[PDB]
């Protein structure tokens, strides 16, 4: 049996270590796969011997006696946000762990959090609230109210301006809905 954490979070530029434990029995190698949502998993590494192996910014560790493996990611990038799958072979059948979804937080150079109201392009006086430019340690308060929907934080990259921004969107099928509340 393969045991991996469900979720992990790290900030861009840091080092992350994703731990995996497996139950010996028939050990013929440990695999690490990268799976972006909702794409095809792709091979990262294979480890049959102990201990640590570099493959660019990623290092794979194996300890056969402990039934332990870790995937180490240095110089963390936004593109590393994916699930990382720990898998065990015994050389035709590979059994996969449930995966660890890694969220990479952007390093916001000059934060200026603000809530803005955006108006519908067509009509019906429909509108959305946008909480943006907050730094990555900021927690987006989920709605306790049945009529208001609040999305998770989203990292946007302009790249041409070398600018990254976090946002969260909120709306209600009810009017008049307050923009200055929900996210606070």
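Residue numbers count along the first chain shown, from 1.
Unmodelled deposited residues between residue 90 and residue 91: 1 to 3, per the record. Judged by mean Cα B factor in the deposited record, 144 to 152 ranks above the other of 144 to 152 and 122 to 130. Remark: stretch with higher mean C-alpha B factor among 104 to 112 and 75 to 83 is 104 to 112. Out of 166, 175, 21, 9, the entry records its largest CA B-factor for 175. Set against one another, the Cα B-factors of 28, 47, 65, 35 in the record reach their highest point at 28. When the modelled residues of the chain are ordered by their C-alpha B factor, residue 40 lands in the lowest third.
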